[PDB]
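*Asks:* So here's work-v6.txt (compact mmCIF, N, CA and C atoms).
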```txt
# COMPACT_ATOMS: atom_id res chain seq x y z
N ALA C 1 -37.18 -40.76 -20.44
CA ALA C 1 -38.09 -40.68 -21.61
C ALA C 1 -39.30 -41.58 -21.37
N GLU C 2 -40.29 -41.48 -22.25
CA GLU C 2 -41.52 -42.29 -22.16
C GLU C 2 -41.33 -43.66 -22.80
N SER C 3 -42.25 -44.59 -22.54
CA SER C 3 -42.14 -45.94 -23.12
C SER C 3 -42.02 -45.83 -24.63
N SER C 4 -41.32 -46.78 -25.24
CA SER C 4 -41.16 -46.80 -26.68
C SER C 4 -42.49 -47.25 -27.31
N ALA C 5 -43.36 -47.81 -26.48
CA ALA C 5 -44.69 -48.28 -26.89
C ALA C 5 -45.77 -47.22 -26.63
N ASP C 6 -45.51 -46.32 -25.69
CA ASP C 6 -46.43 -45.23 -25.40
C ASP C 6 -46.26 -44.16 -26.49
N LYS C 7 -45.02 -43.89 -26.82
CA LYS C 7 -44.65 -42.94 -27.86
C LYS C 7 -45.36 -43.30 -29.18
N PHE C 8 -45.40 -44.60 -29.47
CA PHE C 8 -46.02 -45.17 -30.68
C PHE C 8 -47.51 -44.93 -30.63
N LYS C 9 -48.06 -45.10 -29.44
CA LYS C 9 -49.45 -44.85 -29.26
C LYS C 9 -49.72 -43.36 -29.48
N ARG C 10 -48.79 -42.50 -29.07
CA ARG C 10 -48.93 -41.04 -29.21
C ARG C 10 -48.84 -40.60 -30.67
N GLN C 11 -47.82 -41.11 -31.32
CA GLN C 11 -47.54 -40.80 -32.68
C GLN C 11 -48.34 -41.50 -33.78
N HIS C 12 -48.66 -42.79 -33.61
CA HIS C 12 -49.34 -43.54 -34.67
C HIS C 12 -50.74 -44.13 -34.51
N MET C 13 -51.41 -43.91 -33.38
CA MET C 13 -52.76 -44.47 -33.21
C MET C 13 -53.86 -43.39 -33.17
N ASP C 14 -54.99 -43.66 -33.83
CA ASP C 14 -56.18 -42.79 -33.84
C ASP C 14 -57.36 -43.69 -34.20
N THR C 15 -57.77 -44.51 -33.24
CA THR C 15 -58.84 -45.49 -33.44
C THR C 15 -60.16 -44.99 -33.98
N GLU C 16 -60.70 -43.94 -33.40
CA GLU C 16 -61.98 -43.46 -33.89
C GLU C 16 -61.89 -42.14 -34.64
N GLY C 17 -60.91 -42.06 -35.51
CA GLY C 17 -60.75 -40.87 -36.30
C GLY C 17 -61.58 -41.15 -37.52
N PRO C 18 -61.94 -40.12 -38.28
CA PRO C 18 -62.75 -40.40 -39.46
C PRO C 18 -62.01 -41.11 -40.60
N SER C 19 -62.74 -41.97 -41.30
CA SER C 19 -62.20 -42.69 -42.45
C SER C 19 -62.28 -41.64 -43.57
N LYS C 20 -63.00 -40.57 -43.28
CA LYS C 20 -63.16 -39.44 -44.18
C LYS C 20 -62.39 -38.28 -43.52
N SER C 21 -61.08 -38.26 -43.71
CA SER C 21 -60.29 -37.19 -43.11
C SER C 21 -60.39 -35.93 -43.97
N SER C 22 -60.70 -34.80 -43.32
CA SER C 22 -60.79 -33.53 -44.02
C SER C 22 -59.37 -33.13 -44.34
N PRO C 23 -59.17 -32.31 -45.36
CA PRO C 23 -57.82 -31.88 -45.73
C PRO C 23 -57.01 -31.12 -44.65
N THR C 24 -57.63 -30.85 -43.52
CA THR C 24 -57.00 -30.15 -42.40
C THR C 24 -56.75 -31.07 -41.19
N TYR C 25 -56.96 -32.38 -41.36
CA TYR C 25 -56.73 -33.34 -40.28
C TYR C 25 -55.26 -33.30 -39.88
N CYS C 26 -54.37 -33.51 -40.85
CA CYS C 26 -52.94 -33.53 -40.57
C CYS C 26 -52.39 -32.31 -39.86
N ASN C 27 -52.60 -31.12 -40.44
CA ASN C 27 -52.11 -29.89 -39.83
C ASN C 27 -52.58 -29.81 -38.37
N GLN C 28 -53.78 -30.33 -38.12
CA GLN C 28 -54.41 -30.31 -36.81
C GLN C 28 -53.87 -31.34 -35.82
N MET C 29 -53.76 -32.57 -36.29
CA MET C 29 -53.29 -33.69 -35.48
C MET C 29 -51.77 -33.74 -35.26
N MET C 30 -50.99 -33.33 -36.26
CA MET C 30 -49.53 -33.35 -36.13
C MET C 30 -49.11 -32.42 -35.02
N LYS C 31 -49.81 -31.30 -34.90
CA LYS C 31 -49.54 -30.28 -33.87
C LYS C 31 -50.01 -30.70 -32.46
N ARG C 32 -51.23 -31.23 -32.41
CA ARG C 32 -51.82 -31.67 -31.16
C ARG C 32 -51.04 -32.83 -30.57
N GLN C 33 -50.54 -33.71 -31.43
CA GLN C 33 -49.77 -34.88 -30.97
C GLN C 33 -48.29 -34.63 -30.65
N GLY C 34 -47.84 -33.38 -30.81
CA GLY C 34 -46.45 -33.04 -30.52
C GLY C 34 -45.40 -33.21 -31.61
N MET C 35 -45.78 -33.67 -32.80
CA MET C 35 -44.80 -33.87 -33.87
C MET C 35 -44.48 -32.58 -34.59
N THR C 36 -44.70 -31.45 -33.92
CA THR C 36 -44.48 -30.14 -34.51
C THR C 36 -43.46 -29.35 -33.71
N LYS C 37 -43.12 -29.84 -32.51
CA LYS C 37 -42.15 -29.20 -31.59
C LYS C 37 -40.90 -28.62 -32.23
N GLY C 38 -39.73 -29.12 -31.84
CA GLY C 38 -38.49 -28.59 -32.38
C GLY C 38 -38.39 -28.53 -33.90
N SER C 39 -39.27 -29.22 -34.61
CA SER C 39 -39.28 -29.22 -36.07
C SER C 39 -40.52 -29.92 -36.64
N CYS C 40 -40.69 -29.87 -37.95
CA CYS C 40 -41.84 -30.49 -38.56
C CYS C 40 -41.55 -31.93 -39.00
N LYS C 41 -42.20 -32.94 -38.42
CA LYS C 41 -41.98 -34.33 -38.85
C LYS C 41 -42.32 -34.43 -40.32
N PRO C 42 -41.40 -34.97 -41.15
CA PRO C 42 -41.58 -35.12 -42.60
C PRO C 42 -42.73 -36.00 -43.11
N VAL C 43 -42.86 -37.20 -42.57
CA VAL C 43 -43.89 -38.15 -42.97
C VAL C 43 -44.38 -38.84 -41.70
N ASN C 44 -45.69 -39.07 -41.60
CA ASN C 44 -46.28 -39.76 -40.45
C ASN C 44 -47.57 -40.44 -40.86
N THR C 45 -47.94 -41.51 -40.15
CA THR C 45 -49.14 -42.30 -40.44
C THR C 45 -49.91 -42.60 -39.16
N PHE C 46 -51.23 -42.56 -39.27
CA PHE C 46 -52.13 -42.84 -38.15
C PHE C 46 -52.93 -44.08 -38.50
N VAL C 47 -53.20 -44.94 -37.51
CA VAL C 47 -53.92 -46.19 -37.73
C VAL C 47 -55.29 -46.16 -37.08
N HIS C 48 -56.31 -45.96 -37.89
CA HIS C 48 -57.67 -45.93 -37.42
C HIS C 48 -58.18 -47.33 -37.18
N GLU C 49 -57.53 -48.10 -36.32
CA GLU C 49 -57.98 -49.48 -36.05
C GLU C 49 -57.80 -49.73 -34.55
N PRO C 50 -58.57 -50.67 -33.95
CA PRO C 50 -58.42 -50.95 -32.51
C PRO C 50 -57.00 -51.39 -32.14
N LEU C 51 -56.55 -51.03 -30.94
CA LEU C 51 -55.23 -51.44 -30.51
C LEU C 51 -55.17 -52.96 -30.50
N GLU C 52 -56.22 -53.63 -30.03
CA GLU C 52 -56.21 -55.10 -30.02
C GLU C 52 -55.75 -55.66 -31.38
N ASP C 53 -56.28 -55.09 -32.45
CA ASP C 53 -55.96 -55.52 -33.81
C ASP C 53 -54.55 -55.20 -34.24
N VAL C 54 -54.00 -54.13 -33.71
CA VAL C 54 -52.66 -53.74 -34.06
C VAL C 54 -51.68 -54.60 -33.28
N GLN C 55 -51.92 -54.81 -31.98
CA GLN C 55 -51.05 -55.63 -31.13
C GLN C 55 -50.91 -57.05 -31.65
N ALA C 56 -51.98 -57.54 -32.25
CA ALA C 56 -52.00 -58.86 -32.82
C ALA C 56 -51.01 -59.02 -33.97
N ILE C 57 -50.66 -57.94 -34.65
CA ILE C 57 -49.73 -58.08 -35.76
C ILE C 57 -48.41 -58.67 -35.31
N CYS C 58 -48.06 -58.48 -34.05
CA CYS C 58 -46.81 -59.00 -33.52
C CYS C 58 -46.77 -60.52 -33.48
N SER C 59 -47.83 -61.16 -33.94
CA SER C 59 -47.88 -62.61 -33.94
C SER C 59 -47.88 -63.14 -35.37
N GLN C 60 -47.98 -62.24 -36.35
CA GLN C 60 -48.03 -62.64 -37.75
C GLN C 60 -46.64 -62.94 -38.26
N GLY C 61 -46.57 -63.35 -39.52
CA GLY C 61 -45.29 -63.68 -40.14
C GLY C 61 -44.27 -62.59 -39.96
N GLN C 62 -43.03 -62.99 -39.67
CA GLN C 62 -41.96 -62.05 -39.48
C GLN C 62 -41.19 -61.75 -40.76
N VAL C 63 -40.91 -60.46 -40.94
CA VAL C 63 -40.15 -59.92 -42.06
C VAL C 63 -38.97 -59.17 -41.46
N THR C 64 -37.90 -59.01 -42.23
CA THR C 64 -36.73 -58.30 -41.72
C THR C 64 -37.05 -56.83 -41.71
N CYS C 65 -36.21 -56.08 -41.00
CA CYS C 65 -36.38 -54.67 -40.86
C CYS C 65 -35.49 -53.73 -41.66
N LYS C 66 -35.87 -52.46 -41.76
CA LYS C 66 -35.05 -51.48 -42.49
C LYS C 66 -33.64 -51.30 -41.89
N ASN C 67 -33.55 -51.43 -40.57
CA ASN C 67 -32.27 -51.35 -39.83
C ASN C 67 -31.57 -52.75 -39.74
N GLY C 68 -32.11 -53.73 -40.45
CA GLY C 68 -31.57 -55.08 -40.47
C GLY C 68 -31.94 -56.01 -39.33
N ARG C 69 -32.85 -55.58 -38.44
CA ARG C 69 -33.26 -56.38 -37.28
C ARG C 69 -34.36 -57.41 -37.50
N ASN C 70 -34.45 -58.34 -36.55
CA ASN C 70 -35.35 -59.51 -36.55
C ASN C 70 -36.82 -59.36 -36.11
N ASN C 71 -37.17 -58.23 -35.51
CA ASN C 71 -38.51 -58.06 -34.95
C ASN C 71 -39.64 -57.44 -35.73
N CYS C 72 -39.54 -57.36 -37.04
CA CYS C 72 -40.63 -56.73 -37.77
C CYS C 72 -41.64 -57.78 -38.24
N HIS C 73 -42.89 -57.37 -38.43
CA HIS C 73 -43.98 -58.27 -38.84
C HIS C 73 -44.89 -57.56 -39.85
N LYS C 74 -45.24 -58.25 -40.95
CA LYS C 74 -46.12 -57.71 -42.00
C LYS C 74 -47.57 -58.13 -41.76
N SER C 75 -48.47 -57.15 -41.76
CA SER C 75 -49.89 -57.43 -41.51
C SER C 75 -50.47 -58.35 -42.58
N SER C 76 -51.43 -59.18 -42.19
CA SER C 76 -52.02 -60.10 -43.16
C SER C 76 -53.32 -59.56 -43.73
N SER C 77 -53.62 -58.31 -43.39
CA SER C 77 -54.82 -57.64 -43.86
C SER C 77 -54.57 -56.14 -44.02
N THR C 78 -55.48 -55.47 -44.71
CA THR C 78 -55.34 -54.04 -44.94
C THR C 78 -56.00 -53.22 -43.84
N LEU C 79 -55.21 -52.33 -43.26
CA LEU C 79 -55.65 -51.44 -42.19
C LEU C 79 -56.02 -50.07 -42.75
N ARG C 80 -56.90 -49.35 -42.05
CA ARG C 80 -57.33 -48.00 -42.44
C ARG C 80 -56.28 -47.00 -41.96
N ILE C 81 -55.45 -46.50 -42.87
CA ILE C 81 -54.40 -45.55 -42.51
C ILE C 81 -54.56 -44.17 -43.16
N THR C 82 -53.82 -43.18 -42.64
CA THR C 82 -53.85 -41.79 -43.12
C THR C 82 -52.43 -41.28 -43.17
N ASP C 83 -52.00 -40.84 -44.33
CA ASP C 83 -50.65 -40.32 -44.43
C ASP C 83 -50.63 -38.80 -44.39
N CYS C 84 -49.66 -38.27 -43.65
CA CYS C 84 -49.44 -36.85 -43.50
C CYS C 84 -47.98 -36.56 -43.90
N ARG C 85 -47.78 -35.86 -45.03
CA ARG C 85 -46.44 -35.49 -45.51
C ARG C 85 -46.34 -33.99 -45.83
N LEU C 86 -45.31 -33.35 -45.27
CA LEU C 86 -45.05 -31.91 -45.42
C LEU C 86 -45.16 -31.37 -46.83
N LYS C 87 -45.43 -30.07 -46.94
CA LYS C 87 -45.52 -29.40 -48.24
C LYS C 87 -44.27 -28.55 -48.55
N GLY C 88 -44.01 -28.34 -49.83
CA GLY C 88 -42.84 -27.57 -50.24
C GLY C 88 -42.74 -26.22 -49.57
N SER C 89 -43.89 -25.55 -49.47
CA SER C 89 -43.98 -24.23 -48.88
C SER C 89 -43.47 -24.15 -47.44
N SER C 90 -44.05 -24.99 -46.58
CA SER C 90 -43.73 -25.08 -45.15
C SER C 90 -42.46 -24.44 -44.63
N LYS C 91 -42.62 -23.55 -43.64
CA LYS C 91 -41.51 -22.84 -42.98
C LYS C 91 -41.74 -22.82 -41.48
N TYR C 92 -41.02 -23.71 -40.80
CA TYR C 92 -41.12 -23.86 -39.35
C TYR C 92 -41.09 -22.48 -38.65
N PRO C 93 -41.92 -22.30 -37.62
CA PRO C 93 -42.88 -23.23 -37.05
C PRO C 93 -44.25 -23.38 -37.73
N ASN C 94 -44.38 -22.99 -39.00
CA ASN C 94 -45.68 -23.14 -39.69
C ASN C 94 -45.57 -24.39 -40.56
N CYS C 95 -45.85 -25.54 -39.95
CA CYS C 95 -45.76 -26.84 -40.63
C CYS C 95 -47.04 -27.09 -41.37
N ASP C 96 -46.94 -27.33 -42.68
CA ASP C 96 -48.11 -27.56 -43.51
C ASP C 96 -48.10 -28.93 -44.21
N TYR C 97 -49.07 -29.78 -43.87
CA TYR C 97 -49.17 -31.14 -44.42
C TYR C 97 -50.37 -31.36 -45.34
N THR C 98 -50.23 -32.42 -46.15
CA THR C 98 -51.21 -32.89 -47.11
C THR C 98 -51.85 -34.17 -46.52
N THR C 99 -53.16 -34.20 -46.39
CA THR C 99 -53.84 -35.34 -45.82
C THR C 99 -54.26 -36.35 -46.87
N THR C 100 -53.63 -37.53 -46.89
CA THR C 100 -53.96 -38.58 -47.86
C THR C 100 -54.59 -39.79 -47.24
N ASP C 101 -55.74 -40.18 -47.76
CA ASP C 101 -56.37 -41.36 -47.20
C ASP C 101 -56.06 -42.58 -48.02
N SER C 102 -56.07 -43.72 -47.36
CA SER C 102 -55.71 -44.95 -48.01
C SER C 102 -56.05 -46.16 -47.14
N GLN C 103 -55.62 -47.33 -47.61
CA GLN C 103 -55.85 -48.57 -46.91
C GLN C 103 -54.85 -49.60 -47.46
N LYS C 104 -53.70 -49.74 -46.78
CA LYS C 104 -52.62 -50.66 -47.19
C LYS C 104 -52.18 -51.53 -46.00
N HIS C 105 -51.30 -52.52 -46.20
CA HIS C 105 -50.83 -53.36 -45.08
C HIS C 105 -49.75 -52.57 -44.37
N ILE C 106 -49.63 -52.71 -43.06
CA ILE C 106 -48.59 -51.97 -42.33
C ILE C 106 -47.52 -52.92 -41.79
N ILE C 107 -46.27 -52.49 -41.80
CA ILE C 107 -45.20 -53.33 -41.26
C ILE C 107 -44.75 -52.62 -39.97
N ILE C 108 -44.97 -53.24 -38.82
CA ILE C 108 -44.58 -52.62 -37.55
C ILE C 108 -43.43 -53.39 -36.97
N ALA C 109 -42.78 -52.82 -35.97
CA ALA C 109 -41.67 -53.46 -35.27
C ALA C 109 -42.10 -53.64 -33.84
N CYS C 110 -42.13 -54.87 -33.36
CA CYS C 110 -42.51 -55.12 -31.97
C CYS C 110 -41.28 -55.46 -31.12
N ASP C 111 -41.45 -55.42 -29.81
CA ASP C 111 -40.36 -55.76 -28.89
C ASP C 111 -40.86 -55.83 -27.44
N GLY C 112 -39.98 -56.30 -26.57
CA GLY C 112 -40.28 -56.39 -25.15
C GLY C 112 -41.00 -57.63 -24.73
N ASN C 113 -41.41 -57.60 -23.48
CA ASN C 113 -42.16 -58.68 -22.90
C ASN C 113 -42.91 -58.07 -21.73
N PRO C 114 -44.24 -57.87 -21.89
CA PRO C 114 -45.09 -58.19 -23.06
C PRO C 114 -44.69 -57.67 -24.44
N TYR C 115 -44.57 -58.58 -25.41
CA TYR C 115 -44.17 -58.24 -26.78
C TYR C 115 -45.19 -57.27 -27.39
N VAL C 116 -44.94 -55.96 -27.29
CA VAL C 116 -45.87 -54.94 -27.80
C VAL C 116 -45.26 -54.11 -28.93
N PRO C 117 -46.10 -53.47 -29.78
CA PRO C 117 -45.63 -52.65 -30.90
C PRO C 117 -44.73 -51.51 -30.41
N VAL C 118 -43.71 -51.13 -31.18
CA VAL C 118 -42.83 -50.05 -30.74
C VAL C 118 -42.41 -49.01 -31.81
N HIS C 119 -42.46 -49.38 -33.10
CA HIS C 119 -42.12 -48.46 -34.20
C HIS C 119 -42.88 -48.87 -35.45
N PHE C 120 -43.20 -47.88 -36.30
CA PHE C 120 -43.92 -48.06 -37.58
C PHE C 120 -42.87 -48.14 -38.68
N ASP C 121 -42.72 -49.30 -39.31
CA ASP C 121 -41.72 -49.45 -40.36
C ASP C 121 -42.11 -49.00 -41.77
N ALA C 122 -43.20 -49.54 -42.30
CA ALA C 122 -43.62 -49.20 -43.66
C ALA C 122 -45.07 -49.50 -44.00
N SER C 123 -45.45 -49.11 -45.22
CA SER C 123 -46.81 -49.29 -45.78
C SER C 123 -46.68 -49.98 -47.11
N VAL C 124 -47.37 -51.10 -47.27
CA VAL C 124 -47.30 -51.87 -48.51
C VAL C 124 -48.63 -52.15 -49.24
```
Could I get this structure in the form of structure tokens?

*Replies:*
Amino acid sequence: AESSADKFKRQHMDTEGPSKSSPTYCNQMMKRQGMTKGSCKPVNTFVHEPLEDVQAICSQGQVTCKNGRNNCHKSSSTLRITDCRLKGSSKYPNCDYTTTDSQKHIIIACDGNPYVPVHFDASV
């Protein structure tokens, strides 16, 4: 399989995407990024911020994780995010998402050495 940090880059990063996402961003990006394969991913988030800024979160205050682990960290600032969540209608392979724009703190899970981001935990 691919790096757990590369996968994250595939699934959750979009540095120069518009802060003004058109209502067709999700349907377009979820498919291009591979989250449409064997099934439609239910909920996903993209971070329109530089990787340098995201990697730095691994140095901020540590919070516990949803799976009970020690490696999660809560951002000390609000990042530009975009939520994509499936619609009631949707019938695979025709995955249909709703594009929601926002700006909340993100809780990521880091690991390894170099200690790099590996999973997206939550939005607060």

*Asks:* Point out the residue among C:68, C:12, C:4, C:35 with the least atom-to-atom distance to residue C:47, counting all atoms listed in the file.

*Replies:*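 Using all atoms listed in the file, residue C:47 sits closest to C:12.
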
*Asks:* Select all residues near (-47.9, -50.3, -30.7) (cut-off 7 Å, inclusive, file coordinates), counting all atoms listed in the file, and output them as an NGL selection string.

*Replies:* :C and (5-6 or 8-9 or 54-55 or 116-119)

*Asks:* Could you check the closest approach to residue C:98 for each of C:81, C:122, C:43, C:72 and tell me which residue wins, using only C-alpha atoms?

*Replies:*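 For residue C:98, the nearest of the candidates is C:43.
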
*Asks:* From stretch 17-65 of chain C, collect each residue whose DSSP state is alpha helix (DSSP H) and return the set as number ranges by chain.

*Replies:* C: 25-32, 51-55

*Asks:* Could you work out how far atom CA of residue C:14 lies from atom N of residue C:51, giving the answer in Å with one decimal?

*Replies:*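 Going from atom N of residue C:51 over to atom CA of residue C:14 covers 8.7 Å.
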
*Asks:* Quick one, how far is atom CA of residue C:80 from atom CA of residue C:102?

*Replies:*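 So the answer is 6.6 Å.
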
*Asks:* Quick one: DSSP strand (DSSP E or B) residues in chain C, as an MDAnalysis selection string?

*Replies:* chainID C and resid 13 43:47 62:63 72:74 79:86 91 94 97:104 106:111 116:123

*Asks:* Contacts of residue C:96 at 6.5 Å or less, counting only N, CA and C atoms, minus same-chain residues fewer than 2 places along, as a list in words?

*Replies:*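 In the requested form, the answer reads residues 27, 85, 86, 87, 90, 91, 94 and 98 of chain C.
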
*Asks:* From the list C:3, C:15, C:45, C:78, which residue is nearest residue C:104 when using only N, CA and C atoms?

*Replies:*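 For residue C:104, the nearest of the given residues is C:78.
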
*Asks:* Restricting the calculation to all atoms listed in the file: of C:23, C:34, C:88, C:17, which residue gets closest to residue C:49?

*Replies:*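 Ranking C:23, C:34, C:88, C:17 by distance to residue C:49, first place goes to C:17.
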
*Asks:* Suppose you want the space between atom CA of residue C:99 and atom N of residue C:26; what is it in Å?

*Replies:* 5.3 Å

*Asks:* Determine, counting only N, CA and C atoms, which protein, DNA and RNA residues have an atom within 6 Å of an atom of residue C:71; residues of the same chain fewer than 2 positions away are not included. Present the result as a list in words.

*Replies:*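 Using only N, CA and C atoms, the neighbours found are residues 65, 69, 73, 108, 109 and 110 of chain C.
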
*Asks:* Those residues you just picked out, can you put them in a file as an mmCIF file, in the coordinates of the input with N, CA and C atoms?

*Replies:*
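Below is the file that was written, again32.cif:
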```cif
data_model
loop_
_atom_site.group_PDB
_atom_site.id
_atom_site.type_symbol
_atom_site.label_atom_id
_atom_site.label_comp_id
_atom_site.auth_asym_id
_atom_site.auth_seq_id
_atom_site.Cartn_x
_atom_site.Cartn_y
_atom_site.Cartn_z
ATOM 1 N N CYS C 65 -36.210 -56.080 -41.000
ATOM 2 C CA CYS C 65 -36.380 -54.670 -40.860
ATOM 3 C C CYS C 65 -35.490 -53.730 -41.660
ATOM 4 N N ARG C 69 -32.850 -55.580 -38.440
ATOM 5 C CA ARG C 69 -33.260 -56.380 -37.280
ATOM 6 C C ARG C 69 -34.360 -57.410 -37.500
ATOM 7 N N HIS C 73 -42.890 -57.370 -38.430
ATOM 8 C CA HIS C 73 -43.980 -58.270 -38.840
ATOM 9 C C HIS C 73 -44.890 -57.560 -39.850
ATOM 10 N N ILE C 108 -44.970 -53.240 -38.820
ATOM 11 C CA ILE C 108 -44.580 -52.620 -37.550
ATOM 12 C C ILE C 108 -43.430 -53.390 -36.970
ATOM 13 N N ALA C 109 -42.780 -52.820 -35.970
ATOM 14 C CA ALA C 109 -41.670 -53.460 -35.270
ATOM 15 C C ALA C 109 -42.100 -53.640 -33.840
ATOM 16 N N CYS C 110 -42.130 -54.870 -33.360
ATOM 17 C CA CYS C 110 -42.510 -55.120 -31.970
ATOM 18 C C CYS C 110 -41.280 -55.460 -31.120
#
```

*Asks:* Might I get the box with edges along x, y and z of the file that holds all atoms of stretch 48-60 of chain C listed there, padded by 5 Å on every side, given as centre and edge lengths in Å to one decimal, as JSON?

*Replies:*
```
{"center_x": -52.6, "center_y": -54.5, "center_z": -34.1, "size_x": 21.9, "size_y": 27.2, "size_z": 18.2}
```

*Asks:* Determine the nearest neighbour of residue C:41 from the options C:53, C:16, C:83, C:2, counting only C-alpha atoms.

*Replies:*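 Looking at the shortest contact to residue C:41, the residue is C:83.
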